[PDB]
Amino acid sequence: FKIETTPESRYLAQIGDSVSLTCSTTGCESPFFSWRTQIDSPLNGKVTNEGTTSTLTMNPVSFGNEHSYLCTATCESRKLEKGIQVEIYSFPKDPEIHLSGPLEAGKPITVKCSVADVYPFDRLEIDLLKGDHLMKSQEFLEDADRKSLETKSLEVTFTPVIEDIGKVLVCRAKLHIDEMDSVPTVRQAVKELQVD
């Protein structure tokens, strides 16, 4: 008999989506299907078997669904396996700029540039520019197996010179969701440096 799945090998979903994986056989009269994650942990989905198809529905998809899901199809005593790696992305909010105080001659100010609920972090790079100039960019490959929706941030301290007045701080959050695109997904925020 033969085993097949939809999608063929991977599902990249947005957190909160209704993700449905299916497992089917051909050449088998009475197949039995079972699903599992690579480490036999909870499926965090509901399995429904109908005829020659088994469906694993994870709705809403979340971090507990981020696994290689392996469907094992059994026909008589022969079993076949096929897996689909379920992946999730989250980029729902523009970043936010926060200044320590108003511009003051000789007083360094600290800009906090942050983005909420963005996933995954290892494909997020935050840029903080003043004008078309990059003050600092930040990447996140070290906060390791954290899956949660923590807020990621960039911080830069600088002393305002007379010439900065009326310049625009630009904070850009770039998520490289598509590895086949040179240009990432970007949400940005802008704050005018006005004197006070």
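Residue numbers run from 1 along the displayed sequence.
Taking the mean C-alpha B-factor of each stretch as recorded, 126-134 and 33-41 are not equal, and the higher mean is that of 126-134.
The stretch 172-180 shows the higher mean C-alpha B-factor when 172-180 is compared against 20-28 in the entry. Ranking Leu70, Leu56, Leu149, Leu154 by the C-alpha B-factor listed in the PDB entry places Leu149 at the top. Looking at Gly101, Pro108, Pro95, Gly83, the one whose CA carries the top B-factor in the deposited record is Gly101. Ranked by C-alpha B-factor against the other modelled residues of its chain, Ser114 falls in the lowest third. Remark: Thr74 belongs to the middle third of its chain, ranked by C-alpha B-factor as recorded.
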